[PDB]
Structures are given as C-alpha cells and as structure tokens.
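S.K.: My questions will all concern the structure given below.
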Amino acid sequence: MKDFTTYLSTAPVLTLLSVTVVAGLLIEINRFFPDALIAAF
Amino acid sequence: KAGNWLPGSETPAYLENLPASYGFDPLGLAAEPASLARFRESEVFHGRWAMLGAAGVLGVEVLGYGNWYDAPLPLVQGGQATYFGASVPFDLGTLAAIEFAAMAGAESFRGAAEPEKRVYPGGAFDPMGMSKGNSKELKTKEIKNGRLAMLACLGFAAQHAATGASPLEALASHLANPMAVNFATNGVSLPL
Amino acid sequence: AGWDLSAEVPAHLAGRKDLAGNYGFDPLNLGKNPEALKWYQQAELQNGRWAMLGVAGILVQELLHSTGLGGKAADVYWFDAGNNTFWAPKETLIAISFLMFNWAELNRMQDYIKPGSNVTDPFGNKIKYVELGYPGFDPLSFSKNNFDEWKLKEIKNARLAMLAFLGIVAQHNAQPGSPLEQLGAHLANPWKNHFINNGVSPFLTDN
Amino acid sequence: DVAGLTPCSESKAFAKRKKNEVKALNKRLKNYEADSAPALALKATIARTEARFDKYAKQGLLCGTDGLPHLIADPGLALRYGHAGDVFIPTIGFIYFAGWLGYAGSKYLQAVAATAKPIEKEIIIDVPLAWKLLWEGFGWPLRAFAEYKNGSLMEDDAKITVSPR
Amino acid sequence: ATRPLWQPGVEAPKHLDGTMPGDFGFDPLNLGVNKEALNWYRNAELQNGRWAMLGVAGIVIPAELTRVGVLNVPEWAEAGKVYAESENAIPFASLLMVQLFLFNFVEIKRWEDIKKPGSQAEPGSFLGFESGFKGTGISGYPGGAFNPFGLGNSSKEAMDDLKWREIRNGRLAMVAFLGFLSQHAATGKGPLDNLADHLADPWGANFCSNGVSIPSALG
Ligand code: CLA
Ligand code: CLA
Ligand SMILES: CC1=C[C@H](O)CC(C)(C)[C@H]1/C=C/C(C)=C/C=C/C(C)=C/C=C/C=C(C)/C=C/C=C(C)/C=C/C1=C(C)C[C@H](O)CC1(C)C
Ligand SMILES: CC1=C[C@H](O)CC(C)(C)[C@H]1/C=C/C(C)=C/C=C/C(C)=C/C=C/C=C(C)/C=C/C=C(C)/C=C/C1=C(C)C[C@H](O)CC1(C)C
Ligand SMILES: CC1=C[C@H](O)CC(C)(C)[C@H]1/C=C/C(C)=C/C=C/C(C)=C/C=C/C=C(C)/C=C/C=C(C)/C=C/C1=C(C)C[C@H](O)CC1(C)C
Ligand SMILES: NCC(=O)NCC(=O)O
C-alpha cells in the first residue's frame, strides 16, 4: 500500500483532500455559527 | 572590631578596621573598595543628619512648641511660620529658594575635597581639637549614635504614619497603658 | 527493615546508624539527598519536641478541665482558650512571641548552618556542643551513659506525640468535646463509638 | 456614533429591513400546510433571519442611512468605541492563520530543499513531515521574529540572481 | 539524556540537552531551535512564572482568608473596581503610567543583563550600587542584592534543585492563573467558589456545565 499511499501523497490528491477538509470545516462552522459578520467575543 | 552581628558567622574581609564594624553586610553591597569608600561617607552623613533630626524633633516636642509633622502645615493657609514665637515674614517660595541656594553652596564646596576630607575634616569643624588623641573609638561612638538616631527618625516617621500622634505623646500613652497601646494593637502593623 | 519485615532499607538509611529511630521507614525516599536528610532530621527534632510540648499541654489542661483544679483559666476547652482575658491582649502577645521566637530560632538556624559556631554568649560564658540538633542543654546530666538509647526513647516519644496531635486536631474537627471526653465516649461501648461512626470521616456511609 | 452612523439596535431602518424579510418569508409560508417539510424549512429560515438580526442589534453594529451594518477599520476609532471586532480582531486572526500556513509551507520548502531529490518532494509530498510542520507553524510569529533577529530569515543580496540591469 | 521526559517513549529534541532547569524535553512546536531564542524564551519563562506565582498567591491567599473570615478581601477580578471607587483613589491612567515608568527603568536594566550577563556591574553606573549586579553567569538568576538569605549558593547542586523547584512552581502557577482567568470568564465566581462547587457534585459542576466552554450551538 506504499505505492497507493504515495499516490495519495501526490500533489493533486493532497490538494483536493485539503481543500475538501478545509471547505467542510468552514461549512460546518457556518452551519453551527451562521451569519458571523464580525469577530464579537 | 567589637561585635560580629551574629554571634557566630563568617566575617567579610573588608569590614575589620572600619570603626563600629560588626560585619553586617549580608547583601555584599560593599564588596568593591569604591562602593565601601562611598558608603562609609554616606553612613557618617546619614548618622549626623539623623542625630540632628532626632534632636530637632525631641526639642520641638518636649519644649512645648508643637509637633514635627505640623511644622510646615502653617506654611501655606495664608502664611506666617512659627519659631520661638517669631513672626518670620518669609513665604513658601523664598524659603525654599534660600534653603536650596544654601544647600547647593554648602554641598558643592563640601564634596569637592579628598575622600578622607569629604567625610572626616578638620579646621573649623573641630575647633576644640579633640579629634587628635584616639579617634577610632570616638568614630565608633559617632557611628553607633548615628545608627540609633536613624532608627529613631524612621521610627518617628513610621509611628506618625501609623497612629498619627506625637512621638512623646505616643510614648506617654504607651507608658500609661502598655497593654492596648503598642505597635501591635493598631490595625496597620499586625494584620493577624 | 525494622519498620517492615520482608522489606529492604532504602540504601541511604543503611550506612547511617547515627540517626535516632532509624527503622528504615522511608518508602517515598524524601531524604535521599544528604542535605535534605539533614534538614528533615532537624525538622523531625523540632516538630517532635513542639508536638510533645503541645500534646502534654492539651492532655494536662483537659485533665484539669474534666476533674477541676484551676479556675476560669483552666475551665475552658483547648480550642476555646482565647476566650480568657489573660494579662495581655492578642496583638502584643503575638508580637512579643514573634520577637523572642525570632531571636531563638535564628540562634538555632545559625547553629544549623555552622554547628558549634553559636554556643558563646556576649557575657563570655561557653557551653559544650555535640552532634547537630543536640546542643547539650543537659544540666542534671543524663547524657553521660548510653546516649543512643535515650535518643531512641526521645524520638519514639516525639513520633508518638506528633501522631497524638494529628489525632487531636482530627478528633476535634470530627467529634465535639474535649479529647479526654472523646476518649471516654469511645470507651463507653466501644464497639459503636469510633471513627467510622462519625458521618464526617468515611463519607461512603451517611452520605 | 463614530462617523454620523447610528447603532442598529435603535436605527429604525434596521427593524424595517428585518420586518420586510420576515414578511416576505411569511408570504412564502402562506402556500403550504403547517407541518410540511417546506413549512419546516421556511420556519427554520425565519428563525435564522430573526436570530441574525437580533444578534447584529446585540453586537452593537453601526447602521448608516438605512439598516445595513457598517464596519470600522481604524484602530483607536474602533478600540475606544468598542468595535475592534469589526476589522482589528479579524485582522489579527487572519495575520495569525495566514502566517501559520505560509510558515508551514516555507519550512516544508527548506526541509525538502536539503534532500536527495527536492524536485520529487514537491509533487510527492511527505505527509508526516507536512503534518509535523503544519503543527509547528502554530508558533509562527515567535519563530519568525526569532529567525529575523538571528538574520536567518532573509537572504543576502549577493547570493540572489538579478538581471544585468 | 536519561532524565524523565514529558513522554516516556518520545526522545528529547536535540536542542534540549538537560542543562536547563525543568528541561523535560517538551518542545513539540520546536520554538527553541535557535540557541539565543532559547535563552530569551528561558528568561521569558522565568519572568512569566515568577509574576504568575506572585499573582496566584495574591489571588488565592486573600480569597482563602476571606473564606475563613480574615481581612475580608473582595474578588480578584473586581478588586480593581473596588479600589477605583475609593475617596482617595489614584486615577487608573496615572497609576498605570507610574507603574509603567518604574518598570521601564527596572526592566531595561534587566533587558541589558539578558543581552550581556555582566552588563550593569560596570563601575560608575549607579552611585556605588553597581557592585550588586555582577550576576551568576546565567541571566534571570541575578543574586547579589537579590537572594539576601543566600539559599543554594553552597553546593551548586543545591541551587539546581531550587531552580527546578522554582520552574515547576512557576509553571504550576501559570497554569493556575490561566485557570483563574478562564474560570471567571465562564463562571462569575471565584476560584475557591468553583472548587467548592466542584466538590459538591463533580459530575454536574465542571467545565461542561458553565455554558461558555462547550458552545451551546453545537449542543
Ligand atoms: C483555627 C485557625 C488558626 C490557625 C490556622 C492558626 C495559626 C497560627 N497561630 Mg493561632 N489562634 C487561633 C486560631 C488559629 N491559629 C485561635 C482560635 C486563637 C485564640 C482565639 C489563636 C491564638 C493564637 C496566639 C496567641 C498565637 C497564635 C499563633 C499562630 C501561629 C503559630 C506560630 C507558627 O506557626 O510559627 C511560625 C511559622 C513559621 C516560621 C512558618 C510559617 C508557617 C508555614 C506554613 C510552615 C508551617 C507548616 C504548617 C503549620 C503545616 C501544614 C498545616 C498542618 C496543620 C496540616 C500560626 C500560623 C502564634 C503566633 O502568632 O506566632 C508566634 C501566637 O502567639 N494563635
Ligand atoms: C507556502 C508557500 C508560499 C509562501 C510562503 C509564499 C510567500 C510569498 N509570496 Mg507566494 N505563491 C505561492 C506560494 C507561497 N508564497 C504559490 C503556490 C503561488 C502560485 C499561485 C504564489 C504566487 C505568488 C505571486 C504572484 C506573488 C507572491 C508573493 C509572495 C510574497 C508576498 C506575501 C504573499 O502572501 O503574497 C501572496 C501569495 C499568494 C497569492 C499565493 C498563496 C498560495 C497558497 C495559499 C500558498 C501555498 C500553500 C502551500 C501549498 C502550503 C504547504 C504546506 C506544507 C506543510 C506542505 C510572500 C513572501 C508576491 C510577491 O512577490 O511579493 C513581493 C507576488 O507577487 N506569490
Ligand atoms: C547596612 C545594610 C547592608 C546590608 O547588606 C543590607 C541592609 C539590611 C539593606 C542594610 C541596612 C540598611 C538600613 C537599616 C538602612 C536604614 C537607614 C536609615 C534608617 C536611615 C534613616 C535616616 C533618617 C534621617 C536622615 C532622618 C533625618 C531627619 C530629619 C532631617 C528631620 C528633620 C526635621 C526636624 C529636625 C524637625 C522638623 O519639625 C521637621 C523636619 C524639618 C523634617
Ligand atoms: C516519615 C515519612 C516519610 C515517608 O517516606 C513518607 C511519609 C509517610 C509522608 C512520612 C510520614 C510523615 C508524617 C506521618 C508526618 C507527620 C508529622 C506530624 C503529625 C507533625 C505534627 C506536629 C505537631 C505539632 C508541632 C504540634 C504542636 C502543638 C502545639 C504547639 C499546641 C499548642 C497549644 C496548646 C499546648 C494548648 C493551647 O490551648 C492551644 C494550642 C495553642 C493549640
Ligand atoms: C511549553 C510550550 C512549548 C511547546 O513547544 C509549545 C507550547 C505547547 C505552546 C508550550 C506551552 C506553553 C504554555 C502552556 C504557555 C502558557 C503560559 C501561561 C499560562 C502564562 C501565564 C502567565 C501568567 C501571569 C504572568 C500572571 C500574572 C498575574 C498577576 C500578576 C495577577 C495580578 C492580580 C492579582 C494578584 C489579584 C488582583 O485582584 C488582580 C490582578 C491585578 C490581576
Ligand atoms: N569625586 C567626588 C565623588 O566621588 N563624590 C561621590 C559622593 O557623592 O560621595
């Protein structure tokens, strides 16, 4: 699975998974914390 | 030397031939020779002014002229100071100006001499000439009386910061009731 | 080994026989450092002697409270001892206590940092000095014979009295009354009156 | 009132905008039965809109001539009037997070530059090394300031290519 | 190198040898890879730990004394406002400026000691007091006028033991002050009040019931 994990470590797979997890994290942030116009603490 | 501050201790090497030396320097402030040379003159000067201040406060209280704290209180409120009932028509500005001029002249013409001459001079400051003929024990007496006088003056300051009364009035109140009239009884020294 | 059979002495309690009550009891090994062990031995002597004095005071004053000898001074509980007027108020008593205990304890610490350096007073009189925490304050002289056994008796009584004062404070914060009254109330049954039947010690029982 | 702006808690046009949005959503409501899935979706949308408007009125935003929140992008003007969360606090947040990402990428570049084949390591990313450097990049400001004070963050101009003028 | 570490199984980083007090090999972010930056961070750790120890003492000892009916000291979070309402209270800005001026004078000297460890000890600096700033060769451990009782200056390893005790106490008090800040931010009660509430019902009274730690939006 060394070659398979090397394929998973290739630049397109890693950038698509990274933008996927970042977009999903931001989406769930807006799902639980919607309409956050300002950083009101 | 006469004394060792603690009964049993290691003694600093630079505090032996000094008058009124007990080896009391746990901080090691006078490890350098120049530091000791300056601090000796500082201690002598502090002791002399503390003796002068203690004499002033005792003589202003036992002679019944007023309190040492209340000496500059009438200096404003209109004016007119008090000294043996004299009118003395000097206001606050001229008094401070004359004192500053006199002190500047005296201290400038003072500390421009030799290190021994800055602290231990002769001439008109010993007119009776009894510095000659064993001066070490007399210097020891001067330093010890100066230390006692500094303790007395800082005690006057702390006592008036605490209870707020006169020195001799506080002494009389302590002699009258030594139980409830101590440093411990007021709520500023002992919080527990 | 002495404190626990089928156990081994923790190395640094083996070679030093010259310790009072050296029974090998150091399972947490507080004094492996020799200077730490010297400090802890001095703390032993100080805590044990002050605890012997304190527990003797508690027991004697409570005996006088339960039987009745002294007046209103001795007819108060030990924890309520401050209710009496005495001769001086609280503040000055605490203050002079601070001053004179500062004097004595600084003499003791000056002995600690250099043994034998502080045995001479300004009056010129001198006393003999031995060991470290044993400054030879023996006027009627019971130290000339078998000093190890006398030291062992002292350290055993000191440990017993430190345990005693821990018991005194624990009983007082657990059950009301004088410690002699607590001993009698224990002796009443004694199958029911003990530390389990308090409601303040086991917590598993009686919530 | 920092620049002729009124707070949205008391500005009338903010309440008018909220009322108009809720009324439009109610007009959308008045076509389905009460317990249908579109009805629940519209009720959730209404609740979100009212919560958003009440939160904007609560947080102390400034409204202009009409009921639209305005942000202040001046330190001091936003600090002493309590609107540092408009621009200043998100400025700090972005600076921190962008520095984290950039420092992680930089350290990956300098870590794989001193390997056997730096060419291969940039299309075939060493995932454990990237994860470790992404974690280490959370202390990017202190590391960057330390490397700047050390002089190891910047490169000497005599070792950098330029054109022949 | 065989000293106990922050993870029995994870070897220490190569920039944490064991010489510094409290070196348990804990640096997962590798912030102290630069030696000079490591020295600066060591001094910052000493200063933060000492200030946190002083602050946590001044929080938990007066609060405990108030709990047992001694002195009656208000809450540490509102103690600034309690004094600021006094009839002879110094204004906030003026008091802050006085404190900052004194601290500027002191800690610029401390800073120059951080750079060169024998900085302030040169003759002619003060008025005879420059002899007390020799230092012990390690910045953050001045000695001289500081440490009057001379604790640890006897066997060298005695001072290293005290150094480790100091750094562990400082780290514990820093964590404690972070706890005080986070506990008062969530629950409007003192640290001892939070402790007493936790002992009443640990499964009910904690950080999962304040409503501020875990957000209500998720649950
Ligand atoms: C129930 C609460 C309470 C507590 C905690 C104390 C505590 C103390 N009292 Mg006090 N007192 C109390 C109630 C209490 N008192 C009451 C109800 C009365 C009568 C109304 C009095 C009347 C009284 C008098 C008249 C005097 C005291 C004195 C003292 C101090 C003993 C001197 C000493 O420790 O040496 C000095 C201490 C040090 C050198 C180091 C500081 C202590 C550190 C923490 C180390 C000690 C270890 C510690 C005790 C062990 C851990 C706790 C342990 C119990 C588990 C001490 C701190 C005496 C005093 O003020 O000192 C002379 C004193 O004269 N008390
Ligand atoms: C992490 C890598 C990295 C870093 C540290 C930088 C840093 C910098 N870039 Mg650059 N850049 C990058 C990637 C990077 N860039 C890539 C991939 C591209 C192609 C799209 C560019 C294209 C680019 C241009 C055209 C310019 C810069 C400029 C600059 C400088 C201005 C600040 C800035 O943020 O500009 C903006 C940076 C961007 C718009 C690109 C950001 C793209 C992503 C977010 C970075 C890559 C993330 C990386 C994959 C993370 C790896 C993690 C690791 C653990 C594996 C600055 C020093 C400007 C300059 O020269 O200033 C003087 C400039 O003109 N960059
Ligand atoms: C040595 C050492 C070393 C080691 O190592 C460490 C240590 C410990 C730190 C040390 C110690 C120290 C000390 C103790 C110090 C102190 C000092 C003092 C006390 C001073 C005073 C000092 C004091 C002083 C001068 C005082 C003075 C006074 C005066 C002038 C007064 C005046 C007056 C009078 C007449 C009266 C009127 O009505 C008022 C007046 C006008 C006001
Ligand atoms: C060894 C070891 C080692 C290993 O390894 C580990 C371990 C296990 C940890 C260990 C153990 C330990 C322990 C057990 C400890 C304990 C101690 C104590 C108890 C002390 C006390 C101690 C105690 C003490 C001092 C006490 C003292 C007391 C006193 C003074 C009293 C006084 C009094 C009196 C008379 C009367 C009045 O009316 C009141 C009063 C005022 C109250
Ligand atoms: C090691 C490491 C390395 C790796 O690599 C990475 C990582 C993970 C990042 C790391 C970790 C870190 C950490 C943990 C940190 C933390 C810190 C802190 C907490 C500080 C504090 C610190 C703290 C501090 C100073 C504090 C201080 C305090 C004070 C003064 C207080 C005062 C006061 C008082 C008395 C009372 C009154 O009434 C009020 C006031 C006025 C308020
Ligand atoms: N050359 C004068 C001098 O050294 N003065 C020092 C002092 O003020 O005692």
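Going through the structure tokens in order, the chains are called A, B, and so on, while each chain numbers its residues from 1 and the ligands are numbered from 1 in the order shown.
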Within 12 Å of chain C, which residues of chain E show up when using only C-alpha atoms, listed as a ChimeraX atom specification?
M.R.: /E:149-152,154-155,157-158,161-162,200
S.K.: Emit the selected residues as a PDB file, in the first residue's frame, including C-alpha atoms.
M.R.:
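Okay, selection.pdb is ready:
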```pdb
ATOM      1  CA  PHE E 149      19.470  34.770  52.582  1.00  0.00           C
ATOM      2  CA  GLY E 150      21.903  33.088  50.176  1.00  0.00           C
ATOM      3  CA  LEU E 151      19.829  29.960  49.623  1.00  0.00           C
ATOM      4  CA  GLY E 152      21.529  27.433  47.357  1.00  0.00           C
ATOM      5  CA  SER E 154      26.659  26.447  48.908  1.00  0.00           C
ATOM      6  CA  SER E 155      26.977  23.254  46.834  1.00  0.00           C
ATOM      7  CA  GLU E 157      23.611  21.189  43.031  1.00  0.00           C
ATOM      8  CA  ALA E 158      21.646  22.748  45.902  1.00  0.00           C
ATOM      9  CA  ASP E 161      17.450  21.722  42.982  1.00  0.00           C
ATOM     10  CA  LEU E 162      15.985  25.098  43.958  1.00  0.00           C
ATOM     11  CA  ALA E 200     -20.473  19.405  45.749  1.00  0.00           C
TER      12      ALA E 200
END
```
S.K.: For chain E, list the residues within 10 Å of chain A, counting only C-alpha atoms, and write the list as a PDB file with N, CA, C and O atoms, in the first residue's frame.
M.R.:
```pdb
ATOM      1  N   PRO E 215     -19.636  25.267  23.383  1.00  0.00           N
ATOM      2  CA  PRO E 215     -20.662  26.194  22.893  1.00  0.00           C
ATOM      3  C   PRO E 215     -22.042  25.558  22.867  1.00  0.00           C
ATOM      4  O   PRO E 215     -22.197  24.356  22.635  1.00  0.00           O
ATOM      5  N   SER E 216     -23.055  26.391  23.109  1.00  0.00           N
ATOM      6  CA  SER E 216     -24.433  25.918  23.084  1.00  0.00           C
ATOM      7  C   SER E 216     -24.927  25.652  21.668  1.00  0.00           C
ATOM      8  O   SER E 216     -25.922  24.940  21.496  1.00  0.00           O
ATOM      9  N   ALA E 217     -24.260  26.216  20.659  1.00  0.00           N
ATOM     10  CA  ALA E 217     -24.672  26.000  19.276  1.00  0.00           C
ATOM     11  C   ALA E 217     -24.467  24.549  18.853  1.00  0.00           C
ATOM     12  O   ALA E 217     -25.290  23.991  18.118  1.00  0.00           O
ATOM     13  N   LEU E 218     -23.371  23.930  19.298  1.00  0.00           N
ATOM     14  CA  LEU E 218     -23.115  22.534  18.954  1.00  0.00           C
ATOM     15  C   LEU E 218     -24.114  21.601  19.629  1.00  0.00           C
ATOM     16  O   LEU E 218     -24.589  20.640  19.013  1.00  0.00           O
ATOM     17  N   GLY E 219     -24.445  21.866  20.890  1.00  0.00           N
ATOM     18  CA  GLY E 219     -25.366  21.021  21.627  1.00  0.00           C
ATOM     19  C   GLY E 219     -26.753  21.616  21.774  1.00  0.00           C
ATOM     20  O   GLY E 219     -27.652  21.329  20.985  1.00  0.00           O
TER      21      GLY E 219
END
```
S.K.: So, counting only C-alpha atoms, which residue among B:101, B:168, B:34, B:188 is closest to chain C?
M.R.: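 The shortest atom-to-atom distance to chain C comes from B:188.
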S.K.: Using only C-alpha atoms and all ligand atoms, find each protein or nucleic acid residue lying at most 8 Å from ligand 5; present the set as a PyMOL selection string.
M.R.: (chain D and resi 139) or (chain E and resi 26-32+47-59+74-80+171+173-178)
S.K.: With only C-alpha atoms as the atoms that count, which of D:156, D:86, D:147, D:21 lies nearest to chain A?
M.R.: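 The shortest atom-to-atom distance to chain A comes from D:86.
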S.K.: Set the distance at 12 Å and use only C-alpha atoms: which residues neighbour residue 16 in chain D once local chain neighbours fewer than 5 positions away are removed? I'd like the list as number ranges by chain.
M.R.: D: 8-11, 21-23, 53, 66-68
S.K.: Write to file, as a CSV table (one decimal), in the first residue's frame, the residues of the selection just made, with N, CA and C atoms.
M.R.:
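And here is the file that came out, result_33.csv:
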```
chain,number,residue,atom,x,y,z
D,8,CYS,N,-27.5,49.9,15.2
D,8,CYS,CA,-28.6,49.2,14.6
D,8,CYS,C,-29.6,48.7,15.6
D,9,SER,N,-29.2,48.8,16.9
D,9,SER,CA,-30.2,48.5,17.9
D,9,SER,C,-31.3,49.5,18.0
D,10,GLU,N,-31.0,50.7,17.6
D,10,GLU,CA,-32.0,51.8,17.7
D,10,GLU,C,-32.4,52.4,16.4
D,11,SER,N,-31.6,52.1,15.3
D,11,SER,CA,-32.0,52.6,14.0
D,11,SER,C,-33.3,52.0,13.5
D,21,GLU,N,-38.0,41.3,5.6
D,21,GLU,CA,-37.5,40.0,5.3
D,21,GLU,C,-38.5,38.9,5.9
D,22,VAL,N,-38.9,39.2,7.2
D,22,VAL,CA,-39.8,38.2,7.8
D,22,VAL,C,-41.1,38.2,7.1
D,23,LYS,N,-41.6,39.3,6.6
D,23,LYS,CA,-42.9,39.4,5.9
D,23,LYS,C,-42.8,38.7,4.6
D,53,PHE,N,-30.7,39.1,12.8
D,53,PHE,CA,-31.0,40.5,13.1
D,53,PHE,C,-30.8,40.9,14.5
D,66,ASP,N,-29.7,53.8,5.9
D,66,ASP,CA,-30.7,52.7,6.1
D,66,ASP,C,-30.1,51.6,7.0
D,67,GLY,N,-30.8,50.5,7.1
D,67,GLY,CA,-30.4,49.5,8.1
D,67,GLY,C,-29.5,48.4,7.6
D,68,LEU,N,-28.2,48.9,7.3
D,68,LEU,CA,-27.2,47.9,6.9
D,68,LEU,C,-26.0,48.1,7.8
```
S.K.: Could you report the residues within 12 Å of ligand 2, using only C-alpha atoms and all ligand atoms, as a ChimeraX atom specification?
M.R.: /A:9-12,14-16,18-19 /D:94-95,97-112,121-138,140,144,153-154
S.K.: What residues in chain E have any atom no more than 6 Å from chain B when counting only C-alpha atoms, and can you write them as a VMD selection string?
M.R.: chain E and resid 128 132 145 148
S.K.: Given the selection you just returned, output its residues as a file containing N, CA and C atoms, formatted as a PDB file, in the first residue's frame.
M.R.:
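After the write, selection25.pdb holds the following:
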```
ATOM      1  N   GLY E 128      27.559  53.649  43.545  1.00  0.00           N
ATOM      2  CA  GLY E 128      28.154  52.645  44.398  1.00  0.00           C
ATOM      3  C   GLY E 128      27.404  51.332  44.453  1.00  0.00           C
ATOM      4  N   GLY E 132      26.379  45.201  43.080  1.00  0.00           N
ATOM      5  CA  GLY E 132      25.373  44.191  43.327  1.00  0.00           C
ATOM      6  C   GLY E 132      24.750  43.574  42.098  1.00  0.00           C
ATOM      7  N   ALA E 145      22.181  41.718  45.439  1.00  0.00           N
ATOM      8  CA  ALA E 145      21.140  42.341  46.250  1.00  0.00           C
ATOM      9  C   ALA E 145      19.920  41.437  46.351  1.00  0.00           C
ATOM     10  N   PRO E 148      18.854  37.662  49.461  1.00  0.00           N
ATOM     11  CA  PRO E 148      19.601  38.060  50.667  1.00  0.00           C
ATOM     12  C   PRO E 148      20.024  36.893  51.538  1.00  0.00           C
TER      13      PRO E 148
END
```
S.K.: I need the residues in range 58-119 of chain D that are strand (DSSP E or B) according to DSSP; give them as a ChimeraX atom specification.
M.R.: /D:62-63,69-70
S.K.: Atoms to include: C-alpha atoms. Write the selected residues as a tab-separated table (two decimals), in the first residue's frame.
M.R.:
```
chain	number	residue	atom	x	y	z
D	62	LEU	CA	-23.43	50.73	13.22
D	63	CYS	CA	-26.10	51.33	10.59
D	69	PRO	CA	-24.28	47.24	9.30
D	70	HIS	CA	-21.11	49.25	8.76
```
S.K.: Can you list, as a list in words, every protein, DNA or RNA residue that comes within 12 Å of residue 79 in chain B when you count only C-alpha atoms, leaving out same-chain residues fewer than 4 positions away?
M.R.: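 Result of the neighbour search: residues 72, 73, 74, 75, 87, 88, 89, 90, 91, 92, 93 and 95 of chain B.
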